[PDB]
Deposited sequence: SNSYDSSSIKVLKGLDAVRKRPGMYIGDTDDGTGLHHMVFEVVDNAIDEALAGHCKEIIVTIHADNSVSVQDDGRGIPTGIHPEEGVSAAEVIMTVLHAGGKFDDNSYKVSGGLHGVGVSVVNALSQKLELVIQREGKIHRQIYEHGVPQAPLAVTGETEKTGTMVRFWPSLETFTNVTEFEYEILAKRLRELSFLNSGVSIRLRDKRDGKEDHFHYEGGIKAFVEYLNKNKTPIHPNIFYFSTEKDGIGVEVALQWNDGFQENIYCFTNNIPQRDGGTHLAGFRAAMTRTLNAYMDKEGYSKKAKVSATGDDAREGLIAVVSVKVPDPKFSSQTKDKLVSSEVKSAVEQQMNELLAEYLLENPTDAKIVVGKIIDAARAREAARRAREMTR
């Protein structure tokens, strides 16, 4: 019988537990599990982007919980006037709630859905929240997303910040159920390059291992790091940072003598594993600018792919209201970011090639060589 009684409304966080795939991703291969950590970290990085947090500490505890401490402003603790409970609890228990739906609290932020930390809460058998703010320490415990008591003041402090510790629920997560140091370290190292002046620490209480990431030199240094085990073919990394029409575009790149393409794309510091409009705009401008240079210099047929070979690049954009296809933010779907990246790249890469003739000639040589190897491969296939 299919009728009004067959229609069910899921309340509170029940939808997150019922359909975890659309909130956390894969609950069996480990990617979702680590994403729980990254949601919490991304909120601390957003305080850093806002100018209020200079230290983030991520700890893997010996009981397979993870904590993230920041020295930012603290999650607001006062009673929410419409909801009638602490704003912190509203944040933990309600989907599409937060401070990132306008630009008053965070000019730019990776956060935008008002979902992240409520997902972590919903899919955790236990979550501990400690907030330092307005001279007071506040604490609250949750179990499977359910607060055990209202947020309470437990003492005094001269500090500000948020600490979230969570124990992931094995009723949701399967197979890969323990945290992997290196997965966290890769992300935190990257965030250090992307956030100069922010101290990021990682501690594993299981074995005493620790790292302190505080790289200087930003995404240019990031490119050096990435080309470390490779062989750069020209000495001058191309780099710029601009802010035009409300969009920040920061790019660094350098070619190596290998044959892969590795473009790392970021939007408000969140990586897009599956690319997007920023990657689309980067590719377009590279192709156009290189072809124009080769045409003008009489070196001209190479396609976009030949310029891709041996390339390492980092594309980092800062956008007031970006659009992602999902909560995990694997893909940027904002058409105006394509235009901003393409426009800035076309202007500044053309200037780089004029100002750095030695590099320009090496890169042209590489593009020609990649095109030659591609045609030889095609001919060889046809002849088998």
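Colleague: Take the full deposited sequence, match it to the modelled residues, and report the stretches without C-alphas.
Modeller: Those parts of the chain that were deposited but carry no coordinates are 1-2, 303-307, 392.
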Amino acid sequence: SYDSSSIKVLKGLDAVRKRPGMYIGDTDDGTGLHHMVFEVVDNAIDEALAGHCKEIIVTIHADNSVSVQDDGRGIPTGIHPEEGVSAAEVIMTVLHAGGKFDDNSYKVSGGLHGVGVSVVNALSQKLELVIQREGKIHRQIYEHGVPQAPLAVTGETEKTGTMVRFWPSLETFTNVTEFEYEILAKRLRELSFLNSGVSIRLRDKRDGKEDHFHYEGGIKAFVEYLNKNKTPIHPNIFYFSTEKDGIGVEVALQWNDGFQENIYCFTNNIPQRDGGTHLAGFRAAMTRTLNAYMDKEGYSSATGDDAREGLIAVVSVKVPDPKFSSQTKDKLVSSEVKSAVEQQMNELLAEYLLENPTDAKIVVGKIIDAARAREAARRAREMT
From here on, numbers count along this sequence of modelled residues.
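Colleague: Is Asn229 unbuilt in at least a third of the other PDB entries compared?
Modeller: No, none of the compared structures omit it.
Colleague: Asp306: absent from a third or more of the other PDB entries compared?
Modeller: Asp306: unmodelled in at least a third of the other compared entries.
Colleague: Read off the CA B-factors in the entry, average them over 343-351 and over 312-320, and name the higher stretch.
Modeller: If you average the C-alpha B-factors of 343-351 and of 312-320, the larger mean comes out for 343-351.
Colleague: Quick check on the record: does 149-157 or 118-126 carry the larger mean Cα temperature factor?
Modeller: Mean C-alpha B-factor is greater for 149-157.
Colleague: By the entry's C-alpha temperature factors, tell me which of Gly111, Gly258, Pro168, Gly98 sits highest.
Modeller: When the deposited C-alpha B-factors of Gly111, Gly258, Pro168, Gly98 are compared, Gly258 is largest.
Colleague: Out of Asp204, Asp71, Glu250, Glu180, which shows the largest CA B-factor listed in the entry?
Modeller: Top of the list by C-alpha B-factor: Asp71.
Colleague: Ranking the modelled residues of this chain by C-alpha B-factor as given in the entry, is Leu332 in the lowest, middle or highest third?
Modeller: Middle third.
Colleague: Comparing against every modelled residue in the chain, figure out the third that the C-alpha B-factor of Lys338 lands in (lowest, middle or highest).
Modeller: For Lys338, whose C-alpha B-factor we compare with every modelled residue in the chain, the answer is the middle third.
Colleague: Pull the Cα B-factor of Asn269 out of the PDB entry and bin it into the chain's lowest, middle or highest third.
Modeller: As the PDB entry reports it, the C-alpha B-factor of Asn269 lands in the lowest third of its chain.
Colleague: Ranking the modelled residues of this chain by C-alpha B-factor as given in the entry, is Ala48 in the lowest, middle or highest third?
Modeller: Tercile = middle for this residue's CA B-factor.
Colleague: Split the chain's modelled residues into thirds by Cα B-factor; is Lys244 in the lowest, middle or highest one?
Modeller: Ranked within chain, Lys244 CA B lands in the highest tercile.
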